[PDB]
Amino acid sequence: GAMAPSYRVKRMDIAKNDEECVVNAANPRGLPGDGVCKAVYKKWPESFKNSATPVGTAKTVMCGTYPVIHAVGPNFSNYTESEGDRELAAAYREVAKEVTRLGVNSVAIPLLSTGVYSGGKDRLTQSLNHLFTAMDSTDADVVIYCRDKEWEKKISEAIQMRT
Ligand SMILES: CCOC(=O)c1c(C)n[nH]c1C
Ligand SMILES: [Cl-]
Ligand SMILES: [Cl-]
Ligand SMILES: [Cl-]
């Protein structure tokens with residue numbers, strides 16, 4: 001575990017993370033996809049061997065010795081708000097299990113279902129709170145990656161609020 005487990009946020013490409021493993025915002029079919037998933041495919045293409053996994057689950061595939069945790073959030077275009085919320089909470093609990101199993105001291109994580117899977121809604125608070133519910137009981141250093149300047153400020157404030 002980390003000596004004093006923390007949460008941090010950075011506004012940059014998760015493909016350039018400085019952590020011991022990465023969470024992919026994956027699709028269920030293990031396809032190259034777009035956004036985070038496409039950046040992860042360009043950086044760690046070997047990790048997409050048999051990465052396909054259902055919605056609400058996480059599957060780890062090694063790229064050399066570097067773990068890529070493929071986490072499949074719901075597409076809120078397809079799910080009801082209620083069922084989507086349940087599957088989004090579940091994807092993050094499966095990430096917490098994988099981070100713990102791997103014995104890493106740090107993990108880079110994006111906000112699941114906040115991009116093309118958002119169903120055109122702002123889900124920053126919804127996705128971040130599910131991330132906290134899952135990861136609070138882990139002792140890894142968590143580093144959240146985002147691209148928007150306003151999102152960085154909002155995630156930073158939400159972290160600082162609990163400290
Ligand atoms: C805004 C959509 O892109 C991303 O979120 C993103 C991150 C984080 N890393 N790489 C990409 C393309
Ligand atoms: Cl960058
Ligand atoms: Cl998304
Ligand atoms: Cl963002």
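We count ligands from 1, going down the list as the structure has it; atoms in each ligand are counted the same way. The residues of the chain are indexed from 1 along the displayed sequence.
For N105, the side chain to side chain contact (heavy atoms under 4.5 Å, CB included) criterion is met by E20, not counting sequence neighbours.
Through chains of ILVMFWY side-chain contacts below 4.5 Å, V143 is grouped with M12, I14, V22, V36, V40, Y41, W44, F48, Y66, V68, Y145. Chaining together hydrophobic side chains whose heavy atoms lie under 4.5 Å apart places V55 alongside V72, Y79.
Taking 4.5 Å as the limit, every side-chain heavy atom of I144 sits out of range of all side-chain heavy atoms of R8.
Distance alone, capped at 3.5 Å, places no donor-acceptor pair between the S156 side chain and the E152 backbone.
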Does ligand 1 have any N/O atom under 3.5 Å from a protein N/O, and what are those pairs and their distances?
| residue | atom | partner | partner atom | Å |
| --- | --- | --- | --- | --- |
| ligand 1 | 9 (N) | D13 | OD1 | 3.3 |
| ligand 1 | 9 (N) | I14 | N | 3.4 |
| ligand 1 | 10 (N) | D13 | OD1 | 3.1 |
| ligand 1 | 10 (N) | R147 | NH1 | 3.3 |

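A ring-centre distance under 6.0 Å is found for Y7 and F132.
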